[PDB]
Each structure stands twice: as structure tokens, then as C-alpha cells.
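Derivation of every value follows stated rules applied to the coordinates shown; laboratory data play no part. With ideal geometry, Cβ positions are generated from the backbone for all residues, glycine too; neighbour counts draw on all protein chains shown.
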Amino acid sequence: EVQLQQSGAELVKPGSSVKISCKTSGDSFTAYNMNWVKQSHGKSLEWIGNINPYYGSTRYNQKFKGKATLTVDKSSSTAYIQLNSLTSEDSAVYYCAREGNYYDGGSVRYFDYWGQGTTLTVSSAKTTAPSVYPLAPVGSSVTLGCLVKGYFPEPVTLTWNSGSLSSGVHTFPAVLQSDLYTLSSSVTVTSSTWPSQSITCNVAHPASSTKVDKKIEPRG
Amino acid sequence: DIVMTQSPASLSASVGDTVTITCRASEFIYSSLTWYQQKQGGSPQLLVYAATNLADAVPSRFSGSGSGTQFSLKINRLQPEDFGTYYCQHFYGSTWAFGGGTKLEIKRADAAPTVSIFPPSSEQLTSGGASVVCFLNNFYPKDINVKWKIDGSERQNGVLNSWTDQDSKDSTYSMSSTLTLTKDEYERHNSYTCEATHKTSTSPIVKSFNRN
Amino acid sequence: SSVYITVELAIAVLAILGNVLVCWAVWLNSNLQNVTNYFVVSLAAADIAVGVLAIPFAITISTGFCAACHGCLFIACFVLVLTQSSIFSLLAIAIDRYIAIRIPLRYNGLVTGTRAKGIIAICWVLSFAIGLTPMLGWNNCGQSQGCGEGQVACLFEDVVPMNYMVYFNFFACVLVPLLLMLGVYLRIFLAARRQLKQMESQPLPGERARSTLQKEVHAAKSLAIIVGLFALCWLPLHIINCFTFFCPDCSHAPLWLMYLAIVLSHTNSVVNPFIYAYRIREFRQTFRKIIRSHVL
Ligand SMILES: Nc1nc(NCCc2ccc(O)cc2)nc2nc(-c3ccco3)nn12
């Protein structure tokens, strides 16, 4: 068994610093180079650098020299990455990976094990509770809608009829409208069930400590 | 430094058919190329190392090949578990770099979108916003197009689109599109049209309303 | 015997070419530069000396010329300095693989590049001091005569003790370190196979990665082959000296036998790069790249 356990999500104002931790259990920590990778928008990967846990010696990707600084603690057997002068361009998921080594006649390297990822979000937004708006129609199916707009930070949790409305739903990825997120979900149901049955939106956004339930009702 | 570039950037395949993705290093790295598989919302896992070598308990159907500057991962007779995005990494040298990844997506029959338009909610108007949202639901393939018309005139500014990933039921795509104005300009206009084109419909799919 | 010349020069050049390529490879491919491979480079350069120095020395000793006993002992016994520098490296490497495979966790910080220099140095210090002892006063000489007057003809079984040559440089300096390397590898090969069979009888990977062990071990098997070849190239010469030395009563080794063993031994400095190409993907790929570029 080998686990790389990373510290949890971070929400920060631009211009500040952060230390992300990686604890490794289930092997010897000082036997292997610890590397850090950054994944931006859940697509592209960049190598940030790595560190020899025995002597604390580091190599960095040049792009990251001076923004990232790596450090370790042998006792608790954990590696760190500290990020400085943070800006939005630094918002990403940072992984720790354990490098691995053997002699093929060449020096073979790979990333054996990876951490779970830790989410760093940099923004100057102040925490804002969303406005929830119900979207009714104006066929044999009707689709309804719910518009969650103007909140920070993620996530919000959105249900219809308290999960009792399972099928038919599409909850879309959130988008930044200037400073703040706006999101939307849609249910479509057999027209026999709406307006006939009661159908409501549930929106929780724990950051602002709010739960709103809007019933979707026919217009005019 | 050493620039890694892979292809294709997305590939969609049926379960059981065989797939190859390629990776090209800007310098000669010998072996020293590795492959990672990352499932949605998961962290990357080791696939092939040394460019030819499979990781512990990786299904024999995967194979790496190539050397120098040209490498490829080939999955024989694809399985449902194999879908996800794939990354390559070179360990040649001191400083290391990944691929762009390639995104392996499930092929299914084409599907026509259900399109629904919605006016500003009166809860919102009495705030002083207006957002006309438009839903395009359950279409395949991922490529779709939305023009907004306000009183016949096209409208580009103020639109924001969001796409889901393949659905976990039918694995089709859906997208919301919301044109946001000020109550002030929303009320300067009668008609609002949200118009979709897609490979399945040879006529633009048109949903619309007139405020009041 | 003009043929013993053509084969020696054929081996002379061969050895310099192949071995400079090994050194050119390691200089060049970044992956090739590691401790394990410094002992391989020490091994290649100690095989370049042979092509550059000891063959011209060995083909010249075939004449039986004249020269001062103490300057003469240098030209016969330089090969001893190399063959012996070879051995410390093979044994260095072996230990390296042993540490690397048997004690994988302590290795990264135990073996380092500068600790590797220390060995290579000391092993060159002790290779000269050991190779040139006949210069230290172990000379068999002063106590075909036309030579005279300060010059005494230079032959091997006259100036160079079969005393020190059988006991000291075979028994102590070769047979011993060889039986030591046979052990160290077999210890790896036999240890690794238990670790591999004990991953079987158990579910899940770890702590070690199976595929990545048998990959370390295949390269160890490949480094041991070299050791075995050395024994195969340098053994007969000693087997023959045994039969000649233990009987400074019984009859002496013939003509077409001896030169065949001197050749056979000098062969030792050629096959090495060739084994790497056949048995090791990373050298083979650097050789190929180099050759298809700098020679194209
Ligand atoms: N014994 C011996 N002889 C020679 N060449 C001399 C051959 C010879 C044979 C007969 C004769 O009357 C005069 C000379 N080279 C030799 N090289 C070595 C040697 C070096 C390291 C280990 O063995 N031993 N050795």
C-alpha cells in the first residue's frame, strides 16, 4: 500500500502565498524524489519541479523558478510546495507525484504514484451568495430551468425536488461573469407531470451558508 | 526546451475497435518517454514507462512503441474502462514536459438536440437584470452552433455558453446558452430568438418568444 | 608469425574504435550519465589504453630487444596495470548493482557521483602500484647474450617472476576478486527470483514493482556476462602459466599455444562494446544514433 495524501483546496486573494502539503505513507519517504505538477483547466500538464527528500535539494522547471519553492519534512515524511505572489493564472490543480528509478544501462525514470490533487483558486472576489431564478416555459415533454447567478466561490450544490427528481436533469458547468460565477440546470419531464406536479429547484452554497428552494411556476 | 506534442487532441471510438495515439518530441529523447492515463476528475496514473514497458497490472492490450523523437500508444480492442485522456512525458534531460493530452471519447449514433428557450424570470427583472437562457439537450456529436437574434438582428455580446461532458446515461452532449442584458435594454425589444444548427437537422432549429 | 602481427593490429584498432564510442555515447546521451556508468567508462578507457599502449608494447616484446632492466619492466608490465584496473571496475559495478537491487531504499543516498570518483581514483592508484611491483624491486634480472653493458634482453619468464605472476597476480588479484563477483551476482539473481516469486503468491503490487525489478535484473545479468567473458579471455593464459610455473621441472607451453593466449587475452578489450549493443537498448540506441550521424 502506498498513498500520497495532499492538503485540501485553497481559496486565496491574489498577492498572497500558499503552502500545499503532501504526506506520504506506506513506504520510505527519503528514498525517492518528490515532484510537483500543475494541471491548468483540467487539461494541460506542466512540470513544476522536484526535490530530493534526503538532502532537500531541488530542481525546478525554469518557468516556475521563483513562484514555486519546494521544501520537505522527513519526520512527518511530507513534501511541500509554496506559491508566492499568487495571481489568477496560478489557479489550477497541483499534484504531487513520486518519481521512481532504476538502471536499464540508462537511468529509467517515471512517476510511480500521484496524489489526489489539490485545488488552488486565486481571485479578488468577495464571497457572494447567489440569486436563484426559476425558469418556466412560455409538446409531450416540457423542460424546466433554474438559473443560479452571481455567486462566489464554487461550488454550489443543486437538486430538483430534493433529489426526488432524478432523471431528466442537466446541471451545467459554471462560468465566470466578470467577478462571479453563474450556473444553470434544466429538467425535462413528461408534460403530464408539469405544471401538474410540484417541481422545485434546491440550491445550497455553504460558503455564504445559504439554501434556497424555488418552485417553478407557470408564467402569466 | 524540449517540446512534447501529441495527436490527435481528441479521438472518439467504439468499444472494441483499436486506437493509436502519437507523441512527437522536439529533440531526440531515445526512450525516456512515458504515458499516463487520466480518468475524469481523477489524478493521472502510470500507463507505460521506457516507452515500451507496461506498468504493474496494466491490461496487456496496451502497448507503447517508438524511440528517438516519435512515440505511440496503441490500445487493441478497446474497453469501456479505457476512455479518458492520455498524456505523455519525457524524462530526458533535467527539465521535463508533458503532452497536450488526447481525449478519448465514446462514439454513439448522432442525436438531435432538444431546444428550449426561456425568458427572464420576473424574480430577476424586479432585480433589474434580464437573462434569456437557452437549453440544447442530448445531441451528438459535440459540435453545435447557437445564434441569438433580438428582433431579427443577430446578437453576440453578452452571450455565455457552457457544455456538459458526455452524459452518464446516453453519453450525449448538452449545452446552456444565456444572453444577459440589462432590464433596461431587454425591454427595448419585443422578439428574442435562439437558433441552433447541428449535423442532424438540415434546417436551423429555431426556438423563440416575444416579450409580452 | 607476421600473422600474429596482423591480428594484433586488427584488435588494436577494433578496441580503440568500439571503446571510444562507449565513452562518446555516455558523454552524449544524458540518460547514460550515472554512477553505474562511470565504472563502465573507467572500464572503456582502461580498454583504450590497451589498443593505444599495451599492444604496441606486446607486439614489440615479441622481438626480444635490449633495454635497461628497470625501464624494461615498464613495457612488459603495463598490461598488468590495465587488466587489474579492469577488475576493480567490474567489481565496483557488481557491488553497485547489488546495492541498487538488494538494498533499493538506502541506495540513492548511499551511492553518489563523487563517492564514485573516490573509488575510480583509488582503483587507479592501486592498479599501478600492483601492476608495476616488479619495478618496486621484485625484478628477476640483475645478479641470447650479445646485448650486454647495461642492456639486458627483455623477455617475460626471465625478468618477470613466474613467482609473483602465478601467486600474486592470479591467485590474489584475479581468482579472488572473480570468485567474489560470481558470488555477488548469484546473490542478486537468487535474491531477485525470490522477490519475484513472492509477489506472485501475494495480491496487489508493493512495496516493490515487479515489472521494474525483473527489468533491473536483466541489466544485471547483462553486466555479469562481461565478467564471465573476462574469465574466458584471461583464464587460459593463467591455466597455461600454472602448467608452466608449478613445474619449473616439467615441460613448457609451445609456440602456437602461447601467442594464441596472448591474442585471446587482448581480445578481451574488443567484445565489450559489442555485448552492450546486443544486450542493452540504451547504448545500442546511442551507438546507432552516433554512427548514423557523425559517421554519415
Ligand atoms: N608467461 C608469459 N609469456 C609471455 N610471452 C612470452 C612467450 C615465450 C614463450 C617461450 C619462450 O622461450 C619465450 C617467450 N607473455 C605473457 N603475458 C603474461 C601475463 C600477464 C598477465 C597475466 O599473464 N604472461 N606471459
Exercise. If you go through the stretch C:239-261 one residue at a time, do you hit one that is away from the ligand (no atom under 16 Å from the Cβ), of a type in the set (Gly, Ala, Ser), farther than 20 Å from residue C:94 by Cα and surrounded by fewer than 17 Cβ atoms within 10 Å (Cβ to Cβ)?
Worked result: no
Exercise. Considering only residues of the stretch C:77-100 that are more than 14 Å from the ligand (Cβ to nearest atom) and among the β-branched types (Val, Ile, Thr), which is surrounded by the most Cβ atoms within 10 Å (Cβ to Cβ)?
Worked result: C:93
Exercise. How many residues does the stretch A:175-216 contain that are of a type outside the set (A, V, I, L, M), touching a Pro at 6+ places or on another chain (Cβ under 7 Å) and outside any strand (DSSP E or B)?
Worked result: 1
Problem set entry | Any pair with Cβ under 7 angstrom, 6 or more apart, that starts in the stretch C:154-175 at a residue that is farther than 17 Å from residue C:231 by Cα and ends at one that is more than 10 Å from the ligand (Cβ to nearest atom) and polar (S, T, N, Q) | C:158/C:140; C:159/C:139; C:159/C:140; C:160/C:140; C:161/C:140; C:164/C:133
Exercise. Taking the stretch C:105-144, which residues are within 14 Å of chain A (Cβ to nearest Cβ) and touching a strand residue (DSSP E or B) at 6+ places or on another chain (Cβ under 8 Å)?
Worked result: C:108
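Of everything in the stretch C:117-166 that's small (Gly, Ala, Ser) and assigned to a helix (DSSP H, G or I), which residue is nearest to residue C:249 (Cα to Cα)?
Looking only at the stretch C:117-166, we keep the residues that are small (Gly, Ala, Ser), and these are C:118, C:121, C:127, C:129, C:131, C:137, C:142, C:144, C:146, C:148, C:150, C:153.
Pick out the ones that are also assigned to a helix (DSSP H, G or I) and you get C:118, C:121, C:127, C:129, C:131.
Details: C:118: 45, C:121: 42, C:127: 32, C:129: 31, C:131: 27 Å.
Step by step, filter the stretch C:117-166, then rank; the result is C:131.
Every residue in the stretch C:232-262 that is touching a helix residue (DSSP H, G or I) at 6+ places or on another chain (Cβ under 6 Å) and in a helix (DSSP H, G or I), please.
Of everything in the stretch C:232-262, those that are touching a helix residue (DSSP H, G or I) at 6+ places or on another chain (Cβ under 6 Å) and in a helix (DSSP H, G or I) turn out to be C:233, C:234, C:236, C:237, C:238, C:240, C:241, C:245, C:259, C:261.
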Exercise. Can you tell me how many residues in the stretch C:163-206 are over 21 Å from the mean Cα position of the chain (by Cα) and closer than 30 Å to residue C:134 by Cα?
Worked result: 1
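Which of the residues belonging to the stretch C:118-133 are in contact with a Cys (Cβ under 9 Å, 6 or more places away or on another chain) and either of a type in the set (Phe, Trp, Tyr) or away from the ligand (no atom under 11 Å from the Cβ) (or both)? I'd like the intermediate steps shown before the answer.
First, pick out the residues of the stretch C:118-133 that are in contact with a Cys (Cβ under 9 Å, 6 or more places away or on another chain): C:130-133.
Hits for the stretch C:118-133 are C:130, C:132, C:133.
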Exercise. Which of the residues spanning the stretch A:42-69 are within 21 Å of residue B:34 (Cβ to Cβ) and aliphatic (A, V, I, L, M)?
Worked result: A:45, A:48, A:51
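With B:21, B:29 as the choices, which residue is closer than 29 Å to residue A:4 by Cβ, in contact with a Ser or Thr (Cβ under 9 Å, 6 or more places away or on another chain) and not in a strand (DSSP E or B)?
On the way: B:21 fails: not in a strand (DSSP E or B).
Sole residue among the options that is closer than 29 Å to residue A:4 by Cβ, in contact with a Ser or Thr (Cβ under 9 Å, 6 or more places away or on another chain) and not in a strand (DSSP E or B): B:29.
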Exercise. Which residues, taken from the stretch B:35-70, are part of a strand (DSSP E or B) and away from chain A (no Cβ under 14 Å)?
Worked result: B:62, B:63, B:65, B:66, B:70
For this session: Look through A:31, A:9 and report the one residue that is among the hydrophobic types (A, V, I, L, M, F, W, C) and within 14 Å of chain B (Cβ to nearest Cβ).
Result: A:9
Problem set entry | The lone exception for residue B:76 - which of (1) more than 30 Å from residue C:32 (Cα to Cα); (2) in contact with a helix residue (DSSP H, G or I) (Cβ under 6 Å, 6 or more places away or on another chain) it fails | (2)
For this session: Could you please find all residues in the stretch A:154-173 being crowded, with 19+ Cβ neighbours inside 10 Å and either within 18 Å of the chain's Cα centre (by Cα) or facing chain B (nearest Cβ under 9 Å) (or both)?
Result: A:156, A:158, A:170, A:171, A:172
For this session: Quick one: residue A:109 ticks every box in (1) more than 26 Å from residue B:36 (Cβ to Cβ); (2) outside any loop (DSSP other than H, G, I, E, B); (3) within 14 Å of chain C (Cβ to nearest Cβ) except a single one, so which number is it?
Result: (1)
Exercise. Right, residue A:52: surrounded by fewer than 20 Cβ atoms within 10 Å (Cβ to Cβ) and touching a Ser or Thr at 6+ places or on another chain (Cβ under 8 Å) or not?
Worked result: yes
Problem set entry | Subset tally (residues that are away from chain A (no Cβ under 14 Å) and away from the ligand (no atom under 16 Å from the Cβ)) for the stretch C:264-273 | 2
Seminar exercise, completed: Checked the stretch C:51-76 for anything surrounded by fewer than 18 Cβ atoms within 10 Å (Cβ to Cβ), part of a loop (DSSP other than H, G, I, E, B) and within 14 Å of the ligand (Cβ to nearest atom); matches are C:62, C:63, C:64, C:65
Problem set entry | Among (1) in contact with a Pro (Cβ under 8 Å, 6 or more places away or on another chain); (2) small (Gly, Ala, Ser); (3) within 14 Å of chain A (Cβ to nearest Cβ) - the single one residue C:261 does not satisfy | (3)
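Can you find a residue in the stretch B:107-130 that is within 13 Å of chain A (Cβ to nearest Cβ), more than 24 Å from the chain's Cα centre (by Cα), among the β-branched types (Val, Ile, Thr) and exposed (fewer than 15 other Cβ atoms within 10 Å of the Cβ)?
Initially, the stretch B:107-130 is screened for residues within 13 Å of chain A (Cβ to nearest Cβ), giving B:113-130.
Restricting the remaining residues to those that are more than 24 Å from the chain's Cα centre (by Cα) gives B:118-130.
This time we only want the ones that are among the β-branched types (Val, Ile, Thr), so: B:126.
Among the residues that remain, those that are also exposed (fewer than 15 other Cβ atoms within 10 Å of the Cβ) are: B:126.
Among the residues of the stretch B:107-130, at least one is within 13 Å of chain A (Cβ to nearest Cβ), more than 24 Å from the chain's Cα centre (by Cα), among the β-branched types (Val, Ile, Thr) and exposed (fewer than 15 other Cβ atoms within 10 Å of the Cβ), which makes the answer yes.
Quick check on the stretch B:182-209: of everything there that is basic (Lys, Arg) and part of a loop (DSSP other than H, G, I, E, B), which residue is nearest to residue B:144 (Cα to Cα)?
Keep residues of the stretch B:182-209 that are basic (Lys, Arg), which gives B:183, B:188, B:199, B:207.
Now drop any that are not part of a loop (DSSP other than H, G, I, E, B), which leaves B:188, B:199.
On the way: B:188: 29, B:199: 8 Å.
Ranking the qualifying residues of the stretch B:182-209, first place goes to B:199.
Search the stretch C:206-238 for residues being under 15 Å from residue C:278 (Cβ atoms) and more than 10 Å from chain A (Cβ to nearest Cβ), and hand back the single one that is nearest to the ligand (Cβ to nearest atom). Reasoning before the result, please.
Of the stretch C:206-238, the ones under 15 Å from residue C:278 (Cβ atoms) are C:218-219, C:221-226, C:228-229.
From what is left, the residues that are more than 10 Å from chain A (Cβ to nearest Cβ) are C:221, C:224-226, C:228-229.
Numbers: C:221: 28, C:224: 22, C:225: 22, C:226: 19, C:228: 18, C:229: 16 Å.
Selected residue: C:229.
So that you can scan it fast, the table gives a plain yes or no per residue for (1) surrounded by fewer than 20 Cβ atoms within 10 Å (Cβ to Cβ); (2) over 17 Å from the mean Cα position of the chain (by Cα):
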position	(1), (2)
A:44	yes, no
A:71	yes, yes
A:87	yes, no
A:96	no, no
A:99	yes, yes
A:108	no, yes
A:126	yes, yes
A:137	yes, yes
